[PDB]
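Here's the letter readout for the chains.
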Amino acid sequence: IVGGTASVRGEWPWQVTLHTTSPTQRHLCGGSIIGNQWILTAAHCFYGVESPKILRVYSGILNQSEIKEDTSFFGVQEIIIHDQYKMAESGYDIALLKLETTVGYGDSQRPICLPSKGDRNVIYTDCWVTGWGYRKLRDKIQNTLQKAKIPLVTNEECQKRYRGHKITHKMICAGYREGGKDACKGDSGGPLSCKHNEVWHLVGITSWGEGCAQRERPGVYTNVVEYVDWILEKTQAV
Ligand SMILES: CN1CCN(C(=O)C[C@H](NC(=O)/C=C/c2cc(Cl)ccc2-n2cnnn2)c2nc(-c3ccc4[nH]c(=O)cc(O)c4c3)c(Cl)[nH]2)CC1
């Protein structure tokens, strides 16, 4: 997160840190708890990941330093990548992780509400991107979970900012015209959480951008409202 600020413990209880074990254990990406065994995240996070066995999901974490060999985690049973996914820049950058065990909800960890089909028309004014990613282009994984408030940008505006790319209605953009606050390397797969009628909704999933926080280069996020039926298909399968 560029131009962000330290989060406080329990501010984003749906946020998770996804670690890979190969070759050495490290933070890979963020994700969001959406159900008792479901983490929603970005598809591009698994490029090169051959098996779920090398993955560890940590919840209720403010600081990466809370993670050591004796820290409890959730094993991944299944990696579900959307069938249409090819690359972040082309869309369908969404994935689900089915956990080997059930998340016990509490004040440190709980789900974020998915957006409603009847809310695709509403305009969100209170949007935040969160993660442990770089604070600048050549930096490192941050210890403390960062937050940054960013304005949603219309698709028409985002399309002007990205000549040569096709910004679809399955993508949602966020950024200040002058730059300064954005997601960066290590933030992908994490949430763009928007507060509406005193309830937080998972509006976006960090996906891509041209550099970090550049002027007239807003962040591009998966438009979660457009994938609610896909999530229900995978999570409510008979
Ligand atoms: C092979 N395939 C490539 C794509 N991918 C990734 O995970 C890509 C992912 N990028 C992001 O997290 C966010 C991108 C982004 C999003 C928006 Cl909305 C706007 C602008 C953005 N950017 C524009 N330029 N940079 N960012 C990213 N994560 C890391 C990352 C993650 C964890 C890490 N842990 C460590 O301990 C040490 C690390 O060094 C380390 C690096 C890097 Cl590098 N890049 C999966 C793997």
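Numbers given for residues start from 1 on each chain and follow the written sequence, which can depart from the numbering in the entry; residues without coordinates are excluded. In computing side-chain properties, one takes all heavy atoms of the structure into account and sets aside hydrogens as well as water. Residues with missing side-chain atoms are left out of burial classes, side-chain pairs and their counts.

The PDB entry annotates the protein as Coagulation factor XIa of Homo sapiens. Listed in the archive, the entry goes by the title "Factor XIa in complex with the inhibitor (2E)-N-[(1S)-1-[5-chloro-4-(4-hydroxy-2-oxo-1,2-dihydroquinolin-6-yl)-1H-imidazol-2-yl]-3-(4-methylpiperazin-1-yl)-3-oxopropyl]-3-[5-chloro-2-(1H-tetrazol-1-yl)phenyl]prop-2-enamide".

Okay, the UniProt feature "disulfide bond" in the protein next. In plain terms, two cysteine sulfur atoms within 2.5 Å form what is called a disulfide here. UniProt positions are given in the numbering used here, feature names are shortened, and annotations may be inferred rather than shown by experiment. Between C29 and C45 the annotated UniProt disulfide holds up in this structure, with the two sulfurs at 2.0 Å. Placement of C29 in strand β3 (residues 26-35) and of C45 in the loop between β4 (38-41) and β5 (55-59) is noted, with a sequence separation of 16 residues between them. Only protein chains enter the accessibility calculation, which uses a 1.4 Å probe; a residue is then buried when its area is under 20% of its type maximum, exposed when over 50%, and partly exposed in between. Residue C29 is classed as buried on the basis of its relative accessible area of 4%. UniProt pairs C127 with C194 in a disulfide, and the coordinates agree: the sulfur atoms lie 2.1 Å from each other. In this pair, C127 sits in strand β8 (residues 127-131) while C194 sits in strand β12 (residues 191-196), placing the two residues 67 residues apart along the sequence. For the pair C127 and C194, a shared accessibility class is recorded, and that class is buried. What counts as a helix is a DSSP run of H or I of at least four residues, what counts as a strand is a run of E of at least two, and both are numbered from the N terminus.

By salt bridge we mean one thing: a side-chain nitrogen of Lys or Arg within 4 Å of a carboxyl oxygen of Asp or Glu. A complete count under the given rule lists eight salt bridges for this structure. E157 is the salt-bridge partner of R161, the closest N and O atoms lying 2.8 Å from each other. Here the residue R161 and the residue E157 both occupy positions in helix α1 (residues 155-161), the gap between them amounting to four residues, near one helical turn. Of the residues examined, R161 reaches a relative accessible area of 17% and is grouped as buried. The class for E157 is partly exposed, based on a relative accessible area of 31%. Between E198 and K195 there is a salt bridge, with its nearest N and O atoms 3.3 Å apart. Residue classification places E198 among the exposed residues on the basis of a relative accessible area of 67%. Through salt bridges that share partners, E157, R161, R177, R215 and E216 make up one connected network.

Definition of nearness: a residue and a molecule or strand are near each other if at least one heavy atom of the residue lies within 4 Å of the molecule or strand. As a matter of local geometry, the ligand sits amid 24 residues, with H27, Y134, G186, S188 and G211 nearest to it. At 3.1 Å, a side-chain N or O of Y134 approaches an oxygen atom of the ligand. The backbone of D187 places a nitrogen or oxygen atom 3.1 Å from an oxygen atom of the ligand. Considering the ligand on its own, with 940 Å² of exposed area, one finds that the protein chains cover 72% of that surface. Those elements that place two or more of their residues in the shell around the ligand are β3, β13 (199-208) and β14 (219-223). Ranked by residues supplied to the shell around the ligand, first place goes to β3 with four residues. Here the residues of the shell around the ligand are counted per class, giving eleven nonpolar, nine polar and four charged. Note: domain ranges come from an automatic or database domain assignment. Mapping the shell around the ligand onto the domain boundaries places at least three of its residues in each of domain 1 (1-12 + 112-226) and domain 2 (13-111 + 227-238). Residues adjacent in sequence count toward polar contacts only when both atoms are side-chain atoms; beyond that, a polar contact is any pair of N or O atoms within 3.5 Å, and within protein one must be able to donate a hydrogen and the other to accept it. Here the open area of atoms and residues is found with the Shrake-Rupley method and a 1.4 Å probe, where only the protein chains shown may cover a residue. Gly is placed with the polar residues, together with every amino acid not listed as nonpolar (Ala, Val, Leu, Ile, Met, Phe, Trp, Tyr, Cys and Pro) or charged (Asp, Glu, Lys and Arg).

Looking at the protein, the domain boundaries give domain 1 (1-12 + 112-226) and domain 2 (13-111 + 227-238). A separation of 18 Å is found between the C-alpha centroids of domain 1 and domain 2. Working rule for contacts: check all heavy atoms of both residues, and any pair within 4.5 Å makes them a contact. Contacts between domain 1 and domain 2 engage 39 residues on the former and 37 residues on the latter. Joining two parts hides part of their accessible area as seen by a 1.4 Å probe, and the buried area is that hidden amount summed over both. Taken together, the two surfaces of domain 1 and domain 2 that pack against each other cover about 2,900 Å², and 59% of this comes from carbon and sulfur. Among the residues of domain 1 in contact with domain 2, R9, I112 and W132 are the three that bury the most area, contributing 22% of the side total. Joining domain 1 to domain 2, the criterion identifies one salt bridge.

It is worth spelling out the environment of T125 at this point. Relative to the assigned elements, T125 resides in the loop between β7 (95-99) and β8. Sequence separation between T125 and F74 is 51 residues, and the spatial gap between their C-alpha atoms is 33 Å.

Another aspect to go through is the UniProt feature "active site" in the protein. When the UniProt feature table is mapped onto this chain, "active site" is found at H44, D93 and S188. The greatest C-alpha distance among the annotated residues, which extend across 145 residues, is 10.1 Å, indicating that they converge on a single site. Structurally, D93 is set in the loop between β6 (74-81) and β7. Since its relative accessible area comes to 0%, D93 is described here as buried. Once you skip the residues sitting within four places of it in the chain, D93 turns out to touch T41, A42, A43, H44, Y85, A88, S207 and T222.

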